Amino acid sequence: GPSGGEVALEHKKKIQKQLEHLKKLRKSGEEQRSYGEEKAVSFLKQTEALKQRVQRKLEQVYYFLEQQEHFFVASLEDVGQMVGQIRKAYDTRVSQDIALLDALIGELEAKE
């Protein structure tokens, strides 16, 4: 037969190997739950950063449109003022032509 000695032996080893596999499995559990955690934390963290990058960009754009809106209205205001001064200057001039034609008019008319 096998003998009481060598039966006890193998069973001891046998239960040893078992309890070894199990405790790994349980280690692997804890690492798995750990990797999951740190990875979820990392994910959320980066994502946050994406959310802020994209925001800070949109701010930069917002303000850029405002400055451009501003510059644009000011250009056209400026145009406004120019058309105004070219009008005025011509008018002053043409009416001085006209006042001087009236001079020439009334005099021929009033003697005649």
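One rule holds for the numbers: they count along the sequence shown, beginning at 1.
Taking only CA atoms, the mean B-factor in the PDB entry is higher for 98-106 than for the other of 98-106 and 85-93. Annotation for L50, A40, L58, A74: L58 ranks highest, by Cα B-factor. Residue-level temperature factors show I15 in the lowest third of its chain, judged at the C-alpha atom.
Residue-level temperature factors show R26 in the middle third of its chain, judged at the C-alpha atom.
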